[PDB]
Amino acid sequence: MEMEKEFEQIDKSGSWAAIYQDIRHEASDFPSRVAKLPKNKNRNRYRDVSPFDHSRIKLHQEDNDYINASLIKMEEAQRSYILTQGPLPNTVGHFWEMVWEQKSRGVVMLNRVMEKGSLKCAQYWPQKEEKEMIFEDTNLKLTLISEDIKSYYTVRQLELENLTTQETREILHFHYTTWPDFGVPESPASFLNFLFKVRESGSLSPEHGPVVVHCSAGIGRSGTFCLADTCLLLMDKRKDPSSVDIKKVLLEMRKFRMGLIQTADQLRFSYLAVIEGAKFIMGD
């Protein structure tokens, strides 16, 4: 069924909440024993959003290797992603340790530090060039190199130093600053423009570690980014582009982290984004 035809029949019958509950019913359910140990209690932003044990990202430390982050591997597509929660006050050093240890090139942030009059994350990168940050706990220095503020997003160059060794690496911060407080955007055009800006940078390419992607909980907004990116990749890759089924790709991705796409509005938007993206993909 050409994805767009399925979109029209679902939209006309008014059945997005219905379809979404079905995906939630067939989703995998694996154990997250480590996320729940008493010691890890202040490392989780939300009581009901946890990394599955089989796919969790482990820190290289002997003390406590735990972070709320999952490795998502889409095999046929040849693309991996790290999905994580917005850092907390006491996990900002762990966040930057993960970026270093996994060799990531880019970080994608899809929330504002404050939304709905509350804090969704910590201010985990420097606001100014001359005022760097040290994370004592993980032996790291982070420096703002450059900022490029656009209408729908901001792009930043950061330098990360492991003070243990004196090695430095350049990290790219892609910040989508315009998701509305409520709901999803009206047109996917600015979100697709943003996705392609991340792609262009090399941040999603196989010669780097996996990209790190986060929103507040790391499952909603994040899930949409990854779902859209994987579905366009497979359309470009397969012999039959129309054999790409969004529902199947989602369920495959939910094998690695719980709860990816949190509302039927967000599922509906992910179809829109892929559909509009296929005009590019397909020679246009």
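Just count from 1 along the sequence shown to find any residue number.
Please compare 35-43 with 252-260 and say which has the higher mean C-alpha temperature factor in the record.
Between 252-260 and 35-43, it is 35-43 that shows the higher mean C-alpha B-factor.
Taking the mean of the C-alpha B-factors per stretch from the entry, tell me the winner out of 10-18 and 263-271.
Looking at the recorded C-alpha B-factors, 10-18 comes out higher on average.
Would you mind checking which of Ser243, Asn68, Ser55, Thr230 has the top Cα temperature factor in the PDB entry?
It is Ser243.
Comparing recorded Cα B-factors across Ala189, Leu195, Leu110, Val92, which one is largest?
Largest recorded C-alpha B-factor: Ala189.
If you rank every modelled residue in this chain by C-alpha B factor, which third holds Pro206: lowest, middle or highest?
Answer is middle: the recorded C-alpha B-factor places it there.
Taking only the Cα B-factors deposited for this chain, tell me whether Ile145 sits in the lowest, middle or highest third.
Middle third by C-alpha B-factor.
Sort the modelled residues of this chain by their C-alpha B factor and say whether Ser118 lands in the lowest, middle or highest third.
CA B-factor rank for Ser118: middle third.
What third of its chain's C-alpha B-factors does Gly86 belong to: lowest, middle or highest?
Tercile = lowest for this residue's CA B-factor.
Taking only the Cα B-factors deposited for this chain, tell me whether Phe182 sits in the lowest, middle or highest third.
Ranked within chain, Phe182 CA B lands in the highest tercile.
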